[PDB]
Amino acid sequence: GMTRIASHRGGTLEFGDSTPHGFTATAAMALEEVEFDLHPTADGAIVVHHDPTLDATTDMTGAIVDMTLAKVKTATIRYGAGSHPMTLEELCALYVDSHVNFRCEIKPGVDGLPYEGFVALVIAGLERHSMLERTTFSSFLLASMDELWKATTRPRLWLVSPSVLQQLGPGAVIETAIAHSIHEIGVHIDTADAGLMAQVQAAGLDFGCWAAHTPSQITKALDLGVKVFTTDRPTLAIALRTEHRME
């Protein structure tokens, strides 16, 4: 078939991290998914932002869950020409009329523990704005995968970090997925190879990748024939795939 392309945070290295501009630009592009992360605010809002704090990519400091949607909207995103962080409702508006689908990540808080009651709130929100039926859900945490398995019929994918992959080893990663009724894993592109993909598929699991940001990495994913990869350079990915097909 054809390896799908997911725009990492709207295309971080083209448009900045999680910017209205990058999401808008991604919404009009010739790829299949946009990838993004969500966190709650202290007053029940759902904001699109990678880290659980605002420090790294904005001019404001603090944990998103400790602050109001008001304060979060006062923050300005680095390299985002004046942009503020998006709510989920706002993000949904840009994609309702687009052909590109959602790949949502359930990230934990600053303490690394999952947000209590949030998976439900995200599922409600997406249903309320007519995108749930176009969302694939992802997380590094089995606690979050387990909540998703119980709360939704949408596709679920487990993000397997290099540490987990190396330490558990592929055998145990596969056993753990199967034990949790997880039908797809995503590994860091630098930890992927043909043998690993063989082993994963032989167990009945889909195999995708993440962090394919360079020409080398992007080409590796296409040559390997993975199901999907996230990329901070979606423009180049599309161009490299189009050219890979023909070659």
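In case it trips you up, residue 1 is the first one in the sequence shown, and so on.
The PDB entry records a higher mean C-alpha B factor for 118 to 126 than for its counterpart among 172 to 180 and 118 to 126. For the two regions 158 to 166 and 77 to 85, the entry's Cα B-factors average higher over 77 to 85. Sorting the modelled residues of the chain by their CA temperature factor places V187 in the lowest third. Per the deposited record, the Cα B-factor of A211 falls in the lowest third when ranked against the other modelled residues of its chain. Among the modelled residues of the chain, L91 sits in the middle third by CA temperature factor in this PDB entry. Per-chain ranking of the deposited C-alpha B factor places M145 in the lowest third. Remark: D193 belongs to the middle third of its chain, ranked by C-alpha B-factor as recorded.
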